[PDB]
Amino acid sequence: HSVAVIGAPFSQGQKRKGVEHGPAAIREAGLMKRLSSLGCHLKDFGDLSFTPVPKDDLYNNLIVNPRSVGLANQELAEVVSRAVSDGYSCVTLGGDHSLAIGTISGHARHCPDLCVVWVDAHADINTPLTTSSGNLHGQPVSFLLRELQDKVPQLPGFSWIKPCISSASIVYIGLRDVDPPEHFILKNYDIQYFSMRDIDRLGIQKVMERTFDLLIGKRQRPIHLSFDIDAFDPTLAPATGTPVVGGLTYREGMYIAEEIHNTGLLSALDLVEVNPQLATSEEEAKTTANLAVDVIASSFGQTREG
Amino acid sequence: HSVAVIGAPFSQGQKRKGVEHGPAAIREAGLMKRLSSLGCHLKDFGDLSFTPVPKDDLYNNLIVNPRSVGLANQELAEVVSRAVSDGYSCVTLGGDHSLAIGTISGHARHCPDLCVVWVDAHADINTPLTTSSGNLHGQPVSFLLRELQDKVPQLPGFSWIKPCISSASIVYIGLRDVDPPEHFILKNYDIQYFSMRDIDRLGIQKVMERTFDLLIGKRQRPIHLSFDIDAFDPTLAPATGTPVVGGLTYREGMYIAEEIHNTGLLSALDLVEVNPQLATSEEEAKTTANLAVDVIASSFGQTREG
Amino acid sequence: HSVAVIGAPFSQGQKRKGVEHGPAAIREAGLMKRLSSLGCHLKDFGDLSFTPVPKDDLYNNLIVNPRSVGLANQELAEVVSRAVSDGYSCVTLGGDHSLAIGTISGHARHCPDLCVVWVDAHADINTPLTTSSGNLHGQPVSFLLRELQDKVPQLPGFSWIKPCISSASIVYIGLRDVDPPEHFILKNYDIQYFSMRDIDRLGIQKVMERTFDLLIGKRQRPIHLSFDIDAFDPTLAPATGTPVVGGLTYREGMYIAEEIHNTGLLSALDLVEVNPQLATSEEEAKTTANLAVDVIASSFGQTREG
Ligand SMILES: N[C@@](CCCO)(CCCC[B-](O)(O)O)C(=O)O
Ligand SMILES: N[C@@](CCCO)(CCCC[B-](O)(O)O)C(=O)O
Ligand SMILES: N[C@@](CCCO)(CCCC[B-](O)(O)O)C(=O)O
Ligand SMILES: [Mn+2]
Ligand SMILES: [Mn+2]
Ligand SMILES: [Mn+2]
Ligand SMILES: [Mn+2]
Ligand SMILES: [Mn+2]
Ligand SMILES: [Mn+2]
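Residues numbered from 1 in each chain as written, not as in the entry; some residues may be left out. Chains lettered and ligands numbered in written order. Heavy atoms only, no water.

- The record names X-ray crystallography as the way this model was obtained, at a resolution of 2.2082 Å.

This is how it looks when you write it as structure tokens:
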């Protein structure tokens, strides 16, 4: 049972400074010791240094840093693919959520039947034609879903990406801030999700049951858990760039991670969008980083009953 | 789909200064743009100025400002009745909860088969003979309930009031601070309520399902939503006159409002008891006012899934 | 209906100063008036002064203040036994949880068929051979449990203790910080528990139903409620020695207590581990003390509906 930890200090998928310090904050909160204590054999890749791209001008006068996000993701994908091939479950510390483009591509490279659990306040499924921000961290799923590719134009630095999962192969949990074109996309391609409303109705236990039934009800598949810290209520995870009131409780987040662990299928985990600079106090930054560690640890077997 | 907004800056239903600034606070939290964005056609009646009453002495050496509360409500009912008759769903911003005497009377004047969902930590059903405070914001339901007529003395300024709701036409949600004579009244007239305890047991989905079965299970009826901000836990809505621990969560509040919207029958809404002056900080005032806007917006169609 | 209140200002079951002030803090939060208001006839035993033991050296170079904890508990057990004998439901205010040794022994003397509901973030069932702290407040169940007596060494000051609880006769609620030897003990003796995880799944209503089915499903038994304030989430009860995130909500705590009261079988209650000195502010101290009073009051009939 081996875990690779990769620091992906990326900020260019969005516009708020400081999310590149997320991996450091998470390590400082004791991630490595927590993983070791659960019996994980660890390989720390440290924090990647991504190759910059000169003159990375706006795409279509809207999409920011496309070539940089493309190249960093290509490089990240290579590291992830390599680590999976060497038998590691891959933990990637962000950094903004655009790096899921790289971790999922790399993961899918030799685990092409992987499935995705995307825990997030947001659907992150705008395309370059629907985004109203230009921020790639709100578009990553659009580049990964095969059903969407007729609707996704080719960005500079993105040509290496081949859409690698189907719309039946991703489930969202925690949605509460969805743009209308994203809502259209989720309905049009019948992508399954559990918004905070569904959690309010069903409860987190049934949500996880139905999630796994949809994804691995008929066959075992390596699971890719892409966890945006903003899934949690901002009272619990204030240090993040797009906080939305009414999020997961601490207990709900742990229960999700616990059930992920319980499948035995976790193969890769992203923990993204922790931005210590956006905390109004050091206490706020640390509680956010500590929560991130709790999620990762619970995902690899830490329980609440000993 | 048209919405009238009436500010009712009234404070004389109770003794704490500042609740008359509720409407301004709610407006400053961006109410009108939020309703507009939902597609609501808006008529703003502004904030009403109520006629003062000279020498408005205590009634029975106990009940405070009876004629002022009576007259202000008569005037409010007139504005409400007129807006409902012209085809608007009527949003009244308070102000203390005694103004529900006027909004429900005025609403019933045009829609006599209305039913009432009363979301509150309190039952607000004391009569002039049971009140231990003398505050009319804690008695408004007693003046409206037909079955209580013979137990409710005639107050100066109140003669215009015709009880318009039967005891089977109101359901309470969120109760946790109920005076013993209020409890007797609720039981003796078989008035249905879901206390915080019931919500703990059933969950808010079943609570809303049962609420609608009781009210509109036999026929469609216009719905009057009377929402006291103190229904929410004090941590979420600190700026209010009688906070009680152990209240609705943010998610529960939104769920109630969403289900109200989903009936298609919402005809009037009160958002009462926001008192910015009781905030310990400007942050606390704004979070309470923002919460008020979320309740109203959700009640008119804002969703958590886009 | 008679209730005896016993202050047990003991701190030597652990190493953090201040928990000996728990009883005064709880009294200051208005305990006696709250109990009177519910119709409780009260006998106040005041705060006991426990006989000190000179030269109370570590047992086995690890276990702290054993003779002092042994003797204080013997004296406590005598007071509890006497009060229960005289027809009182016994409320014991702590003080650290090592005093449950005393209250449960005293209680069991006249009510040998008693059962125990242990509400706590922790299992408190380490033995002198498994404790890693040496603190007796984390071992009291091991001395009470019949099935364990062959694995529990004889401590100085502890010879008066006769195990009086069988493993089928105690149920835990709220567990989330369990040491591995404790987990082993719970599984090996088939001791039933509902962790925070079980509550997330079942909901607190089902948890209480099953608790009582296990304890009193076949016959009526006097109930001993041992409530560690740290069962509650640290945001609600910060003034305590071993806080653990992800605890009971206020509503869940009240619901447990309400259900205890509804059995009609509550015979004794411990409210332990309030340490006002661990509060970072007087507000935090008072809110913890107030929460303790809420629990005790609800356990004796305080309702949320009047
Ligand atoms: N949907 C957003 C906001 C658009 C304006 O409403 C937010 C995307 C958030 C990215 B995340 O990784 O945090 O979920 C976007 O930038 O696309
Ligand atoms: N029930 C109260 C308190 C009486 C003392 O227990 C409070 C009523 C609150 C009015 B609201 O509009 O806020 O719910 C009253 O004044 O009647
Ligand atoms: N289990 C602890 C911690 C051991 C180190 O992990 C804590 C016991 C808490 C005592 B309580 O009365 O608060 O539940 C112990 O001292 O045995
Ligand atoms: Mn997000
Ligand atoms: Mn995201
Ligand atoms: Mn109220
Ligand atoms: Mn009210
Ligand atoms: Mn304990
Ligand atoms: Mn404990």
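Description of the relation of the copies chain B and chain C
- In screw terms, the move from chain B to chain C is a rotation of 120° and a rise of 0.1 Å along the axis, fitting with an RMSD of 0.1 Å. Read as a symmetry element, the transformation amounts to a three-fold axis. Residues of chain B ranked by C-alpha distance from the rotation axis are headed by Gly203 of chain B, positioned 5.4 Å from it. (Least-squares fit on C-alpha atoms.)

Concerning the coordination of the manganese ion (ligand 8)
Residues and elements named next belong to chain C.
- At this site the manganese ion (ligand 8) is bound by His97 (ND1), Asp120 (OD), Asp124 (OD) and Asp228 (OD), with donor distances of 2.1 to 2.4 Å.
- With 6 donor atoms in place around the manganese ion (ligand 8) and angles of 71 to 174° between them, the coordination shape is octahedral.
- Between the two metal centres, the manganese ion (ligand 8) and the manganese ion (ligand 9), the spacing is 3.3 Å, with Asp120 acting as a shared donor.
- Note on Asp124: relative accessible area 4%, which makes it buried. (Donors = N, O, S within 2.8 Å, 3.2 Å for Na, K, Ca; no water. Tetrahedral: all angles 85-135°; square planar, octahedral: opposite > 155°, others 65-115°. Buried < 20%, exposed > 50% of the residue type's maximum accessible area, 1.4 Å probe, protein only.)

A short note on the pattern of salt bridges
- Summed over the entire model, instances satisfying the criterion amount to 46 salt bridges over all chains.
- Here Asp113 of chain A makes a salt bridge to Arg221 of chain A, at a shortest N to O gap of 3.2 Å. Residue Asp113 of chain A is located in the loop between helix 4 (100-110) and strand 4 (115-119), and its partner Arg221 of chain A is located in the loop between helix 8 (204-216) and strand 7 (223-228); the two are separated by 108 residues in the primary sequence.
- Its salt-bridge partner being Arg251 of chain A, residue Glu252 of chain C comes within 2.7 Å of it at the nearest N-O pair. Of this pair, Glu252 of chain C sits in helix 9 (residues 250-263) while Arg251 of chain A sits in helix 9 (residues 250-263), each in a different chain. Of the two residues, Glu252 of chain C and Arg251 of chain A, neither departs from the other in class, the shared state being buried.
- One continuous salt-bridge network, built from bridges that share partners, spans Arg197, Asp200 and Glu252 of chain A together with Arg251, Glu258, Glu259 and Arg304 of chain B. (Salt bridge = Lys/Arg side-chain N within 4 Å of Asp/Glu carboxyl O. Helix = DSSP H or I, 4+ residues; strand = E, 2+ residues; numbered from the N terminus.)

Focus on the pairing of strand 8 (residues 266-272) of chain A
Residues and elements named next belong to chain A.
- Along strand 8, 7 of the 7 residues are buried, which leaves the element largely enclosed by surrounding structure.
- The pairing of strand 3 (residues 89-93) with strand 8 spans 4 bridges and is parallel. Residue pairing for strand 8: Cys90 is matched across the bridge by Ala268.
- Pairing between strand 7 and strand 8: 6 bridges, direction parallel. Residue pairing across strands places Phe227 opposite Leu271, the latter belonging to strand 8.
- After leaving strand 7, the chain enters helix 9 and then returns to the sheet as strand 8, a path that is right-handed. (Pairing = 2+ DSSP bridges. Right-handed = clockwise from strand over helix to strand, strands pointing away.)

What about the UniProt feature "binding site: Mn(2+) 2" in chain A?
All names here are of chain A.
- Here the UniProt-annotated "binding site: Mn(2+) 2" positions come out as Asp120, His122, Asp228 and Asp230. Spanning 111 residues, the named residues nonetheless gather at one spot, since no C-alpha pair among them exceeds 8.7 Å.
- Looking at the element boundaries, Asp120 is found in the loop between strand 4 and helix 5 (140-144).
- The exposure class assigned to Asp120 is buried, which follows from its relative accessible area of 0%.
- Apart from residues no more than four positions distant in its own chain, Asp120 is found in contact with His97, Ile173, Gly174, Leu175, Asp228, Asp230 and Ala231.
- Among the polar contacts made by the side chain of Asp120, one reaches the main-chain amide nitrogen of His122 at a distance of 2.8 Å.
- Checked against the element boundaries, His122 lands in the loop between strand 4 and helix 5.
- With sequence-adjacent residues up to four places away left out, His122 is seen in contact with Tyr172, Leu175, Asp177, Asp230, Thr242 and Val244.
- Of note is the side chain of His122, whose polar atom sits 3.4 Å from the side chain of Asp177. (UniProt positions renumbered as here; feature names shortened; annotations may be inferred. Contact = heavy atoms within 4.5 Å. Polar contact = N/O pair within 3.5 Å; in protein donor to acceptor, adjacent residues only side chain to side chain.)

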